[PDB]
Amino acid sequence: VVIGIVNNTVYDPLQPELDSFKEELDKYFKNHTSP
Amino acid sequence: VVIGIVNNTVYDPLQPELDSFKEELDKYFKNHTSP
Amino acid sequence: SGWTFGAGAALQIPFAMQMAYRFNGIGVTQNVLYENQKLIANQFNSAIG
Ligand SMILES: *[C@@H]1O[C@H](CO)[C@@H](O[C@@H]2O[C@H](CO)[C@@H](O[C@@H]3O[C@H](CO)[C@@H](O)[C@H](O)[C@@H]3O)[C@H](O)[C@H]2NC(C)=O)[C@H](O)[C@H]1NC(C)=O
Ligand SMILES: *[C@@H]1O[C@H](CO)[C@@H](O[C@@H]2O[C@H](CO)[C@@H](O)[C@H](O)[C@H]2NC(C)=O)[C@H](O)[C@H]1NC(C)=O
Ligand SMILES: *[C@@H]1O[C@H](CO)[C@@H](O)[C@H](O)[C@H]1NC(C)=O
Ligand SMILES: *[C@@H]1O[C@H](CO)[C@@H](O)[C@H](O)[C@H]1NC(C)=O
């Protein structure tokens, strides 16, 4: 509805910090599924 | 560059999000990895 | 005391930090003052001279 708007990506101060634990939790799942 | 700065710690609201859950998940992980 | 001595009891406050209030009221964040603290003194001192 607003005119003059543009596309870009809004950075999230939560997901990469949360994905850092996803980097730990999912790795822990792979740390237990594979053996 | 800032003059007069002093050392201290800042308590993130995300800190309890990882304190009360990740250890709980680690408790679940120990509930899962140990057996 | 900044400007609080006009409204009630005078309250002491460092001058190097008072400009953060004045800059905040202008519409400029406080971070520009401390990061330019050395420079902003030279402009003020030269101007008053
Ligand atoms: C706040 O804490 C930080 C770190 O927790 C302090 O920074 C550290 O300050 C010490 C000085 O006591 C620095 O040691 C110096 O190391 C250089 C070599 O890099 C050496 O030539 C000096 O003689 C001295 O030993 C230390 O490097 C520095 N840390 C870092 C990462 O640079 C800071 O001083 C603390 N500030 C206050 C007000 O408590
Ligand atoms: C901003 O991006 C969106 C999607 O990336 C664009 O929406 C698409 O616009 C095209 C027209 O060229 C449509 O055919 C698509 O159906 C639209 N996508 C969706 C999901 O509806 C939008 O046009 C872009 N806007 C600007 C100003 O670049
Ligand atoms: C994977 O699980 C084991 C438990 O058997 C643990 O000792 C190890 O630290 C885990 N891996 C990582 C990267 O933490
Ligand atoms: C441990 O896991 C089992 C099944 O996975 C569950 O029944 C039990 O409640 C869990 N223990 C704790 C303390 O969560």
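Protein chains in written order, with the UniProt record's numbering: chain A, 1128 to 1162; chain B, 1128 to 1162; chain C, 884 to 932. We put the CB at the ideal spot given by N, CA and C, even for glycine.
Outcome for residue i when other beta-carbon atoms lying within 10 angstroms are tallied against a minimum of 16
{"i": "B:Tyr1138", "result": "exposed"}
{"i": "B:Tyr1155", "result": "exposed"}
{"i": "C:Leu894", "result": "exposed"}
{"i": "C:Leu916", "result": "buried"}
Closer than 8 Å to chain C by CB, residue i
{"i": "B:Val1137", "result": "no"}
{"i": "residue 1164 of chain B", "result": "Any question about residue 1164 of chain B goes unanswered here, given that chain B covers just 1128 to 1162."}
Nearest residue (CA-CA) to residue i, options the options
{"i": "B:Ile1130", "options": "C:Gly932, C:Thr887, C:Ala899, C:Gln895", "result": "C:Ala899"}
{"i": "C:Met902", "options": "C:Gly889, C:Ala924, C:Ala930, C:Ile931", "result": "C:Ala924"}
Under 8 Å by beta carbon: chain B residues contacting residue i
{"i": "A:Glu1144", "result": "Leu1141"}
Minimum Cβ-Cβ distance from residue i to chain A less than 8 Å
{"i": "B:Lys1154", "result": "no"}
{"i": "B:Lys1149", "result": "yes"}
Beta carbon proximity, residue i to chain B, threshold 8 Å
{"i": "residue 933 of chain C", "result": "Chain C is shown only over 884 to 932; residue 933 of chain C falls outside these bounds and no answer can be derived."}
{"i": "C:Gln920", "result": "yes"}
{"i": "C:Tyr904", "result": "no"}
Cβ distance (whole Å) where residue i is taken to contact residue j below 8 Å
{"i": "C:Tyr904", "j": "C:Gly885", "result": "7 Å"}
{"i": "C:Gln913", "j": "C:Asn907", "result": "6 Å"}
{"i": "A:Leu1152", "j": "B:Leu1152", "result": "7 Å"}
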